[PDB]
Amino acid sequence: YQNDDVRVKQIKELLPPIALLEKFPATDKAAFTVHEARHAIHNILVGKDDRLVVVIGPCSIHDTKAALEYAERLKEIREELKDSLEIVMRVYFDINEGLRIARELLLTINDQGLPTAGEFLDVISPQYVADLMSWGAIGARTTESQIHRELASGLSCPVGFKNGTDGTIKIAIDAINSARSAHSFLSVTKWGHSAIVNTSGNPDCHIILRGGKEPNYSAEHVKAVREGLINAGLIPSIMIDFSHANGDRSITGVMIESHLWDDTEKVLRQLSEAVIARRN
Amino acid sequence: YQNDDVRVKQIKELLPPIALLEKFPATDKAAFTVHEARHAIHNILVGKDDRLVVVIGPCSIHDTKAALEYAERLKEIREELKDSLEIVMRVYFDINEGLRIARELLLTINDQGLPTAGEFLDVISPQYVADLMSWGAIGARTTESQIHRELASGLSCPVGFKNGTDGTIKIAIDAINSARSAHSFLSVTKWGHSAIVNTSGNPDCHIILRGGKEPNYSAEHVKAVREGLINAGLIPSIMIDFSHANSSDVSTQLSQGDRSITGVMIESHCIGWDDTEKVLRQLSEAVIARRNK
Amino acid sequence: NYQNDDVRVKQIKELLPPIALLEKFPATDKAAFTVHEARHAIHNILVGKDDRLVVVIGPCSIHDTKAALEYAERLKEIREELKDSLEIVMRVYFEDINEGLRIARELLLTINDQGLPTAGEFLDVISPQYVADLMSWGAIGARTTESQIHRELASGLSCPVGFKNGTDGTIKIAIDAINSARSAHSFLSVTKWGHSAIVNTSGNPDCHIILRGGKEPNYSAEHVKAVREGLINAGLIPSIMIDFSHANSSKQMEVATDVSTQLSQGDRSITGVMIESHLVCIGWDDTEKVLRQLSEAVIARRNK
Amino acid sequence: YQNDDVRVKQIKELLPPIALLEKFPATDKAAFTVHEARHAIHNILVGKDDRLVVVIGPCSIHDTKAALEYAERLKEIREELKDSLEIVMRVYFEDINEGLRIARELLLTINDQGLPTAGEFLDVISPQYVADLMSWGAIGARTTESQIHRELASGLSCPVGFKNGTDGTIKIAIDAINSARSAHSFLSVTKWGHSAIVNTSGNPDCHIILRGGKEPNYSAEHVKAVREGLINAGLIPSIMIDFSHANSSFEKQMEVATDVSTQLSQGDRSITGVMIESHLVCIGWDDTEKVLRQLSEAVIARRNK
Ligand SMILES: O=C(O)[C@]1(O)C[C@@H](O)[C@@H](O)[C@H](O)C1
Ligand SMILES: O=C(O)[C@]1(O)C[C@@H](O)[C@@H](O)[C@H](O)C1
Ligand SMILES: O=C(O)[C@]1(O)C[C@@H](O)[C@@H](O)[C@H](O)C1
Ligand SMILES: O=C(O)[C@]1(O)C[C@@H](O)[C@H](O)[C@H](O)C1
C-alpha cells in the first residue's frame, strides 16, 4: 500500500546552506554594511535617530546587471542623503543556481556599501542569505502565521510585519508582540539538516502600512495605528509602504517600488527635506 | 562582524525522518487503514459516498494511555456506524521524543483499524508521520499562506482548509483552488536534508467552517459557502467544525437532505464520552434520513 | 562532456544513518552492561590483573541467525560454567547493506541482551558507528594491520582491539600497530547522523597481537617466546592471543592441546585464544572439549 | 555505562564535498587537463604510447607559493619533453576544512595552468573532495594488501599505482591489480557528505610501483622477475619505478635514473612510468631538469632498438 509522496513528483536535494556561504563568503565590507545598517535601523526604530529608514528598490529583479546599476545610482544618494535618511536596497525575486544568483547579488551590493532588504518568505531560505540582510518584511498573508512570527523571533535583522490584506492592524501588533519572545520552530542547520531552532526574541519589529480595502497612509490611519501600538505597550514606530495597495515622529520608515529613476531622486530628495523640516 | 544566529539560542539537529520510520514502520494493517480511509474520504467528498467524515477526538493529548483507551472506544462506534459515518480520530498534542511519542501513537491506532487525523502546521513534520495520516486540517492563521497551500498540493491525504479567524471564506476557496495545482516548496528529505519539493496538486482539498466574529454553521452560511464554492467552479463539499468559534442544526440540515455537508469535526473527551455516543448516533440517523430524499 | 567524476562508480546509494540503526535497535540495560563488563574484564586479563583467559569462539561465517542464536544459548551456559577460568565472547562474523546492518545489530542486541558478549572484526571506519556500542572486542586483519587508518580506528574504538600478524608471519607490523594505536590520532569517517566528519582520538592501550599463522604456523612455545621478547624489547606488555584457526590450523584441536600445555607449564603471556566453531571449523562436541580443556589449563597455570 | 565514543576526544562535521566543488569549481581548462592526462597515462600503460609517465614533485607541500613556482617551471618542461614524457606533478601534503580548501585551490590552479596532478589515496572519503582533479594516484606499501583500498581503486576515475610491500613483496600488488579490475563495494560519503554505498565497475588501469623494501628493486633483474610475475598472472607487464623512498636508501635517486635510463635505451618496453621526488631550494631543480632530459633521451633511444 504505497502511502508516501503520492503527490510528490520530485524531491531533489538542495545544496547545503554552507555551500553558498563558502562559494560566496561575506567580505569584511559586506559584514560592516550589514552590521551598521541593522544598528542604524534600530536607532531610528526606537527614536534614538531622527532620520527616516527608506526601503526602496525594483519591484522584482529579472536582470542582475540592471540591478547592480540601480544600486550604483542608489549608493550615491544613500550617502548624499545620509544625515536625513537611511537608504536600503530592496532585492525581491534550478533553485541551486537561483540561490547562487541571489547570494552573489546581495554580497556584491553589500560589498559596494549598499545594505540590502527583502522578504522572509519561508524558514529554510533565510539560512542562505540573511547574513547579508539588514532588514526584511513579513508579507500580509504570513503575518498571523505562528511560524512566521517565530521566524522573526530569531531573525538577526529588524523585521517589518505588514498589515492584513483587508487592512487589519491587530495581526501585526500581535505579531510584533509574539516576535519579542523566545520561540521554537523547525528548519535546517547551515549543513542542511532538519533541526530545532530556539530563538531569543526580536525587539526590533514594527508594522508596515501597505493598504487593504482602501489605503491607510492617512494621518488618521497613522493616528489610529499609533494609538493602537501605544495601547498594546509598544513603541509607536510605523513604516508606510507607498506601493502595492496603498512633525510626526511616529513615522520611522517608508517603502518605495522604483525601477530604472527621475522620480526616485525627486521622492528621496523630497522626504529628505521633510525629515530636515521635522527636526525644527 | 557577527551577523549570524545572533537571535538563535540553540540549533540542535533533529532525528532524520527515516529514523522515525525505521523505529516505527507501518504495519500492513496501518498501511491498509490509511489507504482505505483516504480513498473513502475522497468518495464521500466528491459525492460518490453518501456517508459523513466525522473527525472527532480529544482537544489535546497529554496522556498516550488515555488516548489509546479512547481509540478502542471510538473503533467500536466506527465499526457500528460504518454505513453512515467514516469516523477518523483527531490526534493533536525533546522534539525527538515528541516525534517518537507522536509516531508510535498514530501507528498503534492505525494498526488497531482506527484511521487518524491531524493539523499540518509546518512543511518539515509531515515527513515524520504523513504515511500514518488519512486526513489533515490547515489552520485559520495559515490558510492564506502560499507555503501552506503548496504543502497541501503535495500532501498524500485529503486536506481541509479552515476559514479565517474573522470568517473570510475566500482565503479557503482560493486555498482549495491553489492546492489543486502543481506547486514547489522547500522542505527536508527523509534523510533530513534541505530539498526542493515539486508537487502535483491535491484535488481532495475542501473548506472547514470553524466560525469567526459570529458562528457560521447556519443553513445560510452553508448555502453561501456552497454558492461561493459553486462560483469558483468547486464542488460544494463542506465540513463544519462544531467546536472553536462555532461553539465559542447541521444534523437537521442533513436529515432534511443537505448533501453539501460531507464532513463534521467534533472535540470529544470538549464533550465527554456519553454525549459522544449520542452525537455520533444522532448524525448517523441524520445520514440515514438524508438518503430517503 | 569530459565526464571526470564517478566514471568507475556504477551506483552511489545513501545508506541509513547510524542513528536510524541505534533507534530501531537500541541497546538494552542488559546489553549495555555485558559490553561494559566484558570490555573491563578483557582489559584486566590483557594487563595481568585477571588470570582468566579470553576465549573468542564462534562460527566461521553467519548465514542463519536462528543457527547463531542457538549457538549463543549453548555457548552462554559454558560461559556461566567456566566463568572463573575463561572470559567467553562470541565471534559474530557475517559474510542490501541496509538490511545487513539491521540483521547484524538485532543479532548483537539479542546476544548481548541474553548476557553473551560479542566479538568481531573492523574492516572499515564507517561500519563501526552502526554496531560498535555492542562490541566488547574486535580484530584488525593481517591485510590491514600495517594500515595507519585502521591503527587510527583502533585508537578511538571503545573495545579492546586485536592486531593480526603478517600473512607471512610478520610480528613487527602489529608491535608497530599496538604502539600507534596507543596514541591520539585523527581519521575521516561519519557522525552518528551519517555525515562526513573528523574523528579525534585519545588512544587505545588495550590493543594486542593475534598470532594467526603466516607461511608456517606460529603457536609453538618458541614463537610465543620470541613474540613476547619482541613486545618486551619494544616496551609493550607481553599479552598474546593465539588463533587456533586460519593459518595456525591449515588443527584447532591439536593447537588447543599445545597451547593448553603452555598455559599448564605457566605461560602467563598467552592471555587469549581464538577458535572457529559451528554447531553442525570444529563442531559443538569439540567446542565443549576445547573450552573445558583450556579452563583446566588455566586452573593449572594458577598452581605453578 | 559509557560504551560509545569513550576513546573519541571530538567528532566534528567536515565540510560536505559539495562545498569544496562549489567554492573551487573545476575550470574547463582543469577538466581537459585531467581528462587528456588520464587518457594519455592509459595509452602508455597498455603500449599504445611509447612515452613514459613521470610522477615528479615535492616530497611535502608546506607552501602553495613554492609549489606554484615549481608548477610553472615544470609545465615548460612538460611542453618541451611532450613527445617523450607524460609529465604530471606530485601533490602530497604533510583545520582539515582549511586544508581541504588549500589542497583543492592548488590542484585547481595547477590543472587550470595545464599541469596534470598526481597524489595518493589514503582513505575512501578524502577522494570525494579533490579526485575530479587527479589524473593519477597511488596506494602505498602499507595499504596495498588492503581490500578497502583495492575497492576504492576499483572505482577511481584515474589510473592507480599499487606500491609493493615494505619487505619488497610483489604478489600483494599483482593481487591488488587483479582485484581492482573487478567490480566491488565500499562505504564512503556522497558529494553531499552522507553515508553511502559505492558500487564500482572496476579499473583496468592499475599497475605496480617498485618503491623498494629490504634492499632496492630497480635493477634489470627485479623488473625481469616482476614482469614475469605479471605475465604468469595474465596481466599487462606495465611497471613503474619509484626512484625515491626505499629504492634510494638525492644523489642515489640520480643513480637509479641512470640505471633505469640504460634499461629503457636497451628497449625495456615494460617500464612505462617512473617516480621522482623533486624540490626547488628530494633532488633540486637543476637535477630535475637533468633527469627529465635524461629519461627523455632514453625513451627516444627506446624507439630505435
Ligand atoms: O514531501 C513532503 O514533505 C510530504 O509533505 C510528506 C510526505 O511524508 C508525504 O506523505 C507527503 O505526500 C509529502
Ligand atoms: O565515489 C567515490 O568514493 C569516489 O572515490 C569519489 C571520486 O574519487 C571519484 O572520482 C571516484 O570515481 C569515486
Ligand atoms: O563508535 C565508536 O566507538 C567509534 O570509534 C566512533 C568513531 O571513532 C567512529 O568514526 C568509529 O568508526 C567508531
Ligand atoms: O535560523 C535562521 O533562519 C537564521 O539563519 C538564524 C538567524 O539568527 C540568522 O542570523 C538569520 O537571520 C536567520
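Part of a helix (DSSP H, G or I), of a type in the set (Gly, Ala, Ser) and under 25 Å from residue B:99 (Cα atoms): is that true of residue B:152 in this structure?
yes
Here's a check for you: in the stretch A:37-51, which residue that is charged (D, E, K, R) and more than 16 Å from ligand 4 (Cβ to nearest atom) is farthest from the other protein chains (Cβ to nearest Cβ)?
Here the residue is A:50.
Going by the conditions given, is residue A:117 within 24 Å of residue A:101 (Cβ to Cβ), crowded, with 24+ Cβ neighbours inside 10 Å and among the small types (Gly, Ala, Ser)?
yes
What are the residues in the stretch D:261-297 that are closer than 24 Å to residue D:70 by Cα, touching a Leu at 6+ places or on another chain (Cβ under 7 Å) and among the aliphatic types (A, V, I, L, M), if any?
D:274, D:292, D:295
Looking at the stretch B:104-121, which of the residues that are away from chain A (no Cβ under 14 Å) and part of a helix (DSSP H, G or I) is nearest to residue B:40 (Cα to Cα)?
B:109
Would you be able to say whether some residue in the stretch D:83-90 is acidic (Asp, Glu) and facing another protein chain (nearest Cβ under 8 Å)?
no
So, in the stretch B:155-174, of the ones that are under 15 Å from the mean Cα position of the chain (by Cα) and more than 8 Å from every other protein chain (Cβ to nearest Cβ), which residue ends up nearest to ligand 2 (Cβ to nearest atom)?
B:157
Out of everything in the stretch D:127-138 that is within 13 Å of ligand 2 (Cβ to nearest atom) and more than 10 Å from chain C (Cβ to nearest Cβ), what residue ends up being farthest from residue D:75 (Cα to Cα)?
Out of the qualifying residues, it is D:127.
Kindly indicate which of B:77, B:56, B:61, B:11 is assigned to a helix (DSSP H, G or I), more than 16 Å from ligand 3 (Cβ to nearest atom) and not aromatic (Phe, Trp, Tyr).
When all the criteria are applied, what remains is B:77.
Testing residue B:190 on (1) at positive phi; (2) touching a helix residue (DSSP H, G or I) at 6+ places or on another chain (Cβ under 9 Å), one condition comes back false. Which one is that?
Result: residue B:190 passes all but (1).
Need the failing condition index for residue A:59 against (1) within 14 Å of another protein chain (Cβ to nearest Cβ); (2) surrounded by fewer than 21 Cβ atoms within 10 Å (Cβ to Cβ); (3) not basic (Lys, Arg), just the number.
Here residue A:59 clears every test but (1).
Go through D:24, D:32 for me and flag whichever is more than 16 Å from ligand 2 (Cβ to nearest atom) and not small (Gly, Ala, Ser).
When all the criteria are applied, what remains is D:32.
Within the stretch C:86-103, can you find the residues that are outside any helix (DSSP H, G or I) and out of contact with any strand residue (DSSP E or B) (no Cβ under 7 Å at 6 or more places or on another chain)?
C:95, C:96
Name every residue in the stretch A:1-16 that is in contact with a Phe, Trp or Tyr (Cβ under 8 Å, 6 or more places away or on another chain) and within 16 Å of ligand 1 (Cβ to nearest atom), in order of residue number.
Of everything in the stretch A:1-16, those that are in contact with a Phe, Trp or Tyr (Cβ under 8 Å, 6 or more places away or on another chain) and within 16 Å of ligand 1 (Cβ to nearest atom) turn out to be A:1, A:13.
Can you spot a residue in the stretch B:179-195 that is away from ligand 1 (no atom under 16 Å from the Cβ), crowded, with 21+ Cβ neighbours inside 10 Å and not in a loop (DSSP other than H, G, I, E, B)?
Among the residues of the stretch B:179-195, not one is away from ligand 1 (no atom under 16 Å from the Cβ), crowded, with 21+ Cβ neighbours inside 10 Å and not in a loop (DSSP other than H, G, I, E, B), which makes the answer no.
From the list B:189, B:142, exactly one residue is within 7 Å of chain A (Cβ to nearest Cβ), hydroxyl-bearing (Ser, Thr, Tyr) and within 30 Å of residue C:194 (Cα to Cα). Which is it?
B:189
Looking at C:89, C:47 in this structure, which one is more than 16 Å from ligand 2 (Cβ to nearest atom), among the aliphatic types (A, V, I, L, M) and closer than 17 Å to residue C:115 by Cβ?
Answer to the selection: C:89.
With respect to the numbered conditions (1) in a loop (DSSP other than H, G, I, E, B); (2) touching a helix residue (DSSP H, G or I) at 6+ places or on another chain (Cβ under 8 Å); (3) closer than 27 Å to residue B:120 by Cβ, which one is the sole condition not fulfilled by residue A:166?
(2)
Please determine whether any residue of the stretch D:180-201 is under 23 Å from residue C:166 (Cβ atoms) and more than 16 Å from ligand 3 (Cβ to nearest atom).
Checking the stretch D:180-201: at least one residue is under 23 Å from residue C:166 (Cβ atoms) and more than 16 Å from ligand 3 (Cβ to nearest atom).
Since residue A:198 meets every condition but one in (1) crowded, with 21+ Cβ neighbours inside 10 Å; (2) within 11 Å of ligand 4 (Cβ to nearest atom), which condition does it not meet?
Here residue A:198 meets the rest and fails (1).
Among the residues of the stretch A:5-35, which ones are acidic (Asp, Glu), within 9 Å of chain B (Cβ to nearest Cβ) and surrounded by 15 or more Cβ atoms within 10 Å (Cβ to Cβ)?
Answer for the stretch A:5-35, where residues must be acidic (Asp, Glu), within 9 Å of chain B (Cβ to nearest Cβ) and surrounded by 15 or more Cβ atoms within 10 Å (Cβ to Cβ): A:5, A:13.
Against the definition (closer than 30 Å to residue A:123 by Cα, surrounded by fewer than 18 Cβ atoms within 10 Å (Cβ to Cβ) and either away from ligand 1 (no atom under 15 Å from the Cβ) or within 14 Å of chain A (Cβ to nearest Cβ) (or both)), how does residue B:124 come out, yes or no?
Taking the combined requirement at face value, the residue does not satisfy it.
Quick one: which strands (runs of 3 or more DSSP E) lie wholly within the stretch C:196-268 and hold at least 2 residues that are more than 14 Å from every other protein chain (Cβ to nearest Cβ) and of a type in the set (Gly, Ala, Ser)?
none
Looking only at the stretch A:213-236, decide whether some residue is surrounded by fewer than 17 Cβ atoms within 10 Å (Cβ to Cβ) and within 16 Å of ligand 4 (Cβ to nearest atom).
For the stretch A:213-236, residues surrounded by fewer than 17 Cβ atoms within 10 Å (Cβ to Cβ) and within 16 Å of ligand 4 (Cβ to nearest atom): absent.
Checking the conditions here, which among B:19, B:30, B:40 is within 16 Å of ligand 1 (Cβ to nearest atom) and more than 27 Å from residue A:199 (Cβ to Cβ)?
Going through B:19, B:30, B:40 in turn, the sole match is B:30.
Quick check on my filter: what residues within the stretch A:182-206 are small (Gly, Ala, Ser) and out of contact with any strand residue (DSSP E or B) (no Cβ under 6 Å at 6 or more places or on another chain)?
Selection gives A:201 alone.
Only the coordinates and a few stated rules stand behind these numbers; no lab work does. So basically every Cβ, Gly included, is an ideal-geometry build from the backbone, and we count neighbours across all protein chains shown.
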